[PDB]
Every structure is written in structure tokens, then in C-alpha cells.
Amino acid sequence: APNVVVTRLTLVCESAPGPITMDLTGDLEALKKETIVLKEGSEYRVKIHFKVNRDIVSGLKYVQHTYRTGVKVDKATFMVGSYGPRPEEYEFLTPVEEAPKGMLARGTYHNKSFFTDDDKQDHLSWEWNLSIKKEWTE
């Protein structure tokens, strides 16, 4: 088993009608068929769940690349830091952002996420889709 195991991504959104989360331990190809819904203008944070198994790690980084068909990438990088080994998993949260809003903000966004570090180690890379909608349901 690897030292760092990434287990879950959660969109923390207080106004959401239900949990917005994905299991990151399964078929990664299957992850794309799953789409994740955010009402336009919602305040959210991205929460990455991960386990450290054996050794202290340093320089952890979360890298998130968002694509819309035909548009240059929208990239962000987040310092995660140093973590020691323990049975319970850790939770890193980005700062709050506001999802975009308006008719032109609606649609599906294709994300590729990297959990890595300053040693460029690929702790997990995965694609997932996000859908911005006028309301939470349709």
C-alpha cells in the first residue's frame, strides 16, 4: 500500500440539498460517467480526503484543472503541506469560492485533479465532471 492514499473528493456547499461526493478508490474511468451538480452562484469548497500510512510527507499540493469545450484551461494550485501517519484520514479544504452564474455559466465542466507534492509524486490523478445548473434539480 502506498504511503499517501487519496480516498474521496467532496464539494462542501452548505446550501446543497444533499451530499456532493465521490469515492476516489474505485475505477477512475468510471468516475467520469458520474457528474456532480452545483447550483450557479453557490459558495463551495473543494475537500480532499486522504490517508498517510507510514511516513511523514511534506510539500503536498492539490492541482485542479478545469476545461470547457473549446476554451483554455482554468488552473489552480493549493498548498496542502506536511502530514504524519495516522489511522484516520485527513481532510484538506480549499478557501471558499463562488461558482459562476448566469445563462452563459451553465453547463458541464471537465476537471482533471492532481494530488501531488514538491517531489512531483503522483499520489492520485483523476478526471471528474461538474455541472452548473440554474437550480439544484434540472
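Under this definition, the rigid core comprises the largest set of C-alpha atoms superposing within 1.5 Å between the forms. A residue's number is simply how far along the shown sequence it sits, counting from 1.
Asker: With the rigid core as the fit anchor, does 93-101 or 68-76 show bigger C-alpha shifts in 5 other deposited structures of this protein?
Answerer: Per-stretch check in 5 other deposited structures of this protein: the more divergent one is 68-76.
Asker: Between 49-57 and 27-35, pick out the one whose C-alpha positions differ more from the shown form in 5 other deposited structures of this protein, using the rigid core for superposition.
Answerer: Per-stretch check in 5 other deposited structures of this protein: the more divergent one is 27-35.
Asker: Averaged over C-alpha atoms, is the B-factor higher for 106-114 or for 28-36 in this PDB entry?
Answerer: Here the higher of the two C-alpha B-factor means belongs to 28-36.
Asker: Taking the C-alpha B-factors as the PDB entry records them, is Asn129 in the lowest, middle or highest third of its chain?
Answerer: Middle third, going by the recorded CA B-factors of the chain.
Asker: Ranking the modelled residues of this chain by C-alpha B-factor as given in the entry, is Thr69 in the lowest, middle or highest third?
Answerer: Answer is middle: the recorded C-alpha B-factor places it there.
Asker: For the chain shown, is the CA B-factor of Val6 in the lowest, middle or highest third of its modelled residues?
Answerer: Ranked within chain, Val6 CA B lands in the lowest tercile.
Asker: Determine, from the deposited record, the chain-internal third of the Cα B-factor for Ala16: lowest, middle or highest.
Answerer: Highest third.
Asker: Could you say whether, by C-alpha temperature factor, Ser82 belongs to the lowest, middle or highest third of its chain?
Answerer: Within its chain, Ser82 is a lowest-third residue by C-alpha B-factor, going by the deposited values.
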